[PDB]
Asker: 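My structure is below; once you've seen it, I'll send some questions.
For the numbers below, each heavy atom of this structure counts, side chains included, while hydrogens, waters and symmetry mates do not. Whatever order the structure lists ligands and atoms in, that order sets their numbers, starting from 1. Order of the sequence lines sets the chain letters (A, B, ...), proteins ahead of strands, with each chain counted from 1.
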Amino acid sequence: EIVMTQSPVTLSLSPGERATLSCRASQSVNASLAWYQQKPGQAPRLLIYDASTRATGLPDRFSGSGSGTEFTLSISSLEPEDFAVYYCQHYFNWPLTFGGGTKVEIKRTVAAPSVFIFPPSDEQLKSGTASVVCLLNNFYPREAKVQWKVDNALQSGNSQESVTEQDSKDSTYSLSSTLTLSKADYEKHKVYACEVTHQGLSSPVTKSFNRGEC
Amino acid sequence: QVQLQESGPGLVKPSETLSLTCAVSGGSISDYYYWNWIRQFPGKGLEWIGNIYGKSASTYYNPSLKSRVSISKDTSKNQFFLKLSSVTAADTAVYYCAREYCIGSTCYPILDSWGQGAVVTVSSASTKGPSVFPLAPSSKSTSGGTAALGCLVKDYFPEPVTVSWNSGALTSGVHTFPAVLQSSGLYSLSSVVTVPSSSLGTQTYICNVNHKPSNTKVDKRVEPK
Amino acid sequence: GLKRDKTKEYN
Ligand SMILES: *[C@@H]1O[C@H](CO[C@@H]2O[C@@H](C)[C@@H](O)[C@@H](O)[C@@H]2O)[C@@H](O[C@@H]2O[C@H](CO)[C@@H](O[C@@H]3O[C@H](CO)[C@@H](O)[C@H](O)[C@@H]3O)[C@H](O)[C@H]2NC(C)=O)[C@H](O)[C@H]1NC(C)=O
């Protein structure tokens with residue numbers, strides 16, 4: 001098969017800037033090259049084919065160029081909705097193959113997270129486990145430090161984090177951190193706290209609760 | 001407005017056969033198009049599996065799978081099918097059906113119209129439906145005039161779980177997190193929404209959770225403790 | 001490269 005390789009793996013650019021995505025074929029595919037955009041939770045969408053022909057209705061900011069083994073997709077002025085993974089695909093011979101994708105992230109101004117904490121529910125405690133959840137909402141950039149403390153003891157190794165994909169309108173992220181303890185351990189401590197450090201916070205923000213308190 | 005929809009099991013045991021159906025509406029399978037299967041691996045790579053012509057037995061397959069793949073069609077039902085035998089964990093992927101692109105009288109083997117994707121996991125583990133717990137709003141989850149609330153969907157297998165709020169009427173401010181794989185080998189996720197704190201006494205918030213592999217559907221009303 | 005008239009199969 002012909003192998004398609006894309007670079008860079010990821011791009012992070014401010015709105016209005018030009019994104020240049022490259023695709024290389026292991027042997028010439030002449031002009032038999034297409035580009036797709038895939039947004040979170042969706043199938044890929046065909047953008048360009050024959051290297052440079054736009055699908056009907058495509059915004060003009062998307063343009064394709066190249067020939068043979070070297071191709072480019074340009075986004076002439078990035079918009080927040082352009083957050084996606086972009087893939088190339090050849091159709092020169094069988095089998096059809098795709099590049100590995102370039103993820104395009106949108107820069108925006110720093111936005112500090114709002115922080116929220118949730119104790120375990122009584123329904124969950126009935127079953128011997130306690131999950132404590134800390135939510136960081138609508139922030140940028142993606143990097144954030146979340147530290148759990150239980151009666152002032154820093155926790156490590158008993159939490160897992162999840163982060164949303166970048167929002168298509170406001171270009172922010174949200175993040176959850178879930179601390180898992182046995183019910184027996186949970187009931188032996190009083191103060192549960194999540195401490196958040198982020199570029200948008202002048203100093204760290206702590207949200208806490210006392211077990212029992214409504 | 002051709003529309004494609006995949007269906008079939010979400011869990012297949014190793015060495016067994018993965019079967020999926022694509023139902024087409026807005027157009028006939030018996031048409032001058034090739035109908036395709038594509039898969040997307042957990043690492044986001046895309047792989048073309050094969051195709052079948054709407055008007056003949058003509059098929060093309062990726063040679064890396066040719067020994068264990070079959071694509072067929074049933075034009076009386078307006079469906080086409082994928083069968084992949086001798087599966088392993090390397091076949092865990094989202095499987096898409098798609099129709100190739102034609103413009104005027106010229107067609108190319110690139111994909112115009114796609115289904116929504118069928119998530120399929122190859123594993124020896126059994127399906128397990130989730131437990132759903134409230135992330136109840138309280139003063140601990142109120143910042144200024146905004147409150148956060150949610151649902152924790154814990155301990156299920158395989159993926160995916162979908163979550164909506166208020167039967168789809170509440171979409172603004174919702175964040176449904178990607179699942180995490182826990183030490184137990186079960187997945188967990190949460191879905192949250194932010195709303196005006198003043199709405200907690202004047203609006204009802206219900207999270208609608210669906211885990212199709214276990215036939216589990218839950219509606220949970222989340223209220224202050 | 002691969003292409004076809006709409007009423008024909010690929011080669
Ligand atoms: C690759 O495919 C092209 C056809 O595709 C077209 O050209 C690409 C370079 C891109 O611009 C694509 O977007 C576009 O669809 C083949 O091009 C054809 O090459 C032949 C041979 O050189 C040309 O024929 C010649 O034309 C001159 C007239 O200028 C005559 O004097 C000659 O006698 C001969 O007929 C033909 O014009 C050209 N077609 C086009 C549309 O440019 C190209 O050959 C192919 N590459 C390979 C390696 O096979």
Asker: side-chain hydrogen bond (donor to acceptor under 3.5 Å, both in side chains): which pairs involve residues 17-28 of chain A, sequence neighbours left out?
Answerer: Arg24(A)-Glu70(A)
Asker: Assign the ring pair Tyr60(B) / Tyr10(C) to parallel, tilted or perpendicular, where the plane angle (0 to 90°) is split at 30° and 60°.
Answerer: perpendicular
Asker: With side-chain hydrogen bond (donor to acceptor under 3.5 Å, both in side chains) as the rule and sequence neighbours excluded, what pairs involving residues 109-134 of chain B come up?
Answerer: none
Asker: Which pairs, with at least one residue in residues 35-76 of chain A and sequence neighbours excluded, count as a disulfide (SG to SG under 2.5 Å)?
Answerer: none
Asker: Can you pull the residues with any heavy atom under 4.0 Å from ligand 1?
Answerer: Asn30(A), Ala31(A)
Asker: Taking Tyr156(B) for the side chain and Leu189(B) for the main chain, is one N or O donor matched with an acceptor at less than 3.5 Å?
Answerer: no
Asker: Answer yes or no: is there an ion pair linking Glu81(A) with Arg61(A), defined by an N-O contact shorter than 4.0 Å?
Answerer: yes
